[PDB]
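Single chain ahead, written as structure tokens, the form deposited in one PDB entry.
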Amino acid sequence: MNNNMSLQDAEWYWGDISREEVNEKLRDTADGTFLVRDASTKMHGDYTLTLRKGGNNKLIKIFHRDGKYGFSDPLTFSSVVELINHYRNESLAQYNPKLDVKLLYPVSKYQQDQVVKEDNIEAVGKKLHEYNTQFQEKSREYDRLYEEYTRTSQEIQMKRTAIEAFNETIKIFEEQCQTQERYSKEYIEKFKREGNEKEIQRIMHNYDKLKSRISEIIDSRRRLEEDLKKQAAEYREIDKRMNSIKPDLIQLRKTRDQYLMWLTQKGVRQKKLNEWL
């Protein structure tokens, strides 16, 4: 059943897909995940096995000469399907002790067919439109929330700096009270003698004006602290809403890509894809 299968029908065979397209499908996948593509038409070799090992993509060229396939001389396998299935049930330690791992999880090109069970082209094309409409909608909703997030971040930082400026102003006006208390005690304690209350009147009036101004500034800093607390809460709330949309965006995009993949198979016209997208 297995080894008599053609290379074209093989789930793990992907044809002339680019090395980056392989990286997309292998990105952050478990060890043993793999697929085969055509080799670069500039280089020696026919196909390239790509597989996961230690969180990295390992590229292994499959060569050909006179009815035999393999990674290096001697070429011992009668086909690519024989080569792969051999290392599906046996470790690549045989080839190289460095990479002791089996080819466990094939990245199938019939994966979309499992998800999209509808056989009709126009029906699948209509679902693609539904999924693409939902995806663009959530994408715009996220883009609006992110604009708000960046705007709120800017306004929070301006408020944060303004609080520091208020605290410096409050320190300077508090230093002025100490400066007053220092030089007043020597003069007021003299001017209480000689019965001159006109002197205490004019000094204390000025000291009460200094205490009046301090009170206003402290209250202005207090009001700004509440505005910061209000907006810092909004900032966290905008972050929450974004974190709820993100998982829905990944799912919608991946589902759209599968419905696009299904229609790339069966050779659908490019103008039909653009009308649905």
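Rigid core: the largest C-alpha set superposing within 1.5 Å between the two forms. Position 1 is the first residue in the sequence shown; the rest follow in order.
Below: the form deposited in another entry, not depicted.
Checking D113, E82, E174, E148 for C-alpha shifts of 2 Å or more between this form and the one not shown, after the rigid core is superposed, gives a single hit: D113. Taking 2 Å as the criterion, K209 does not count as shifted between this form and the one not shown: its C-alpha moves by less than this amount when the rigid core is aligned. Annotation: Cα of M43 displaced by at least 2 Å between this form and the one not shown, core superposition.
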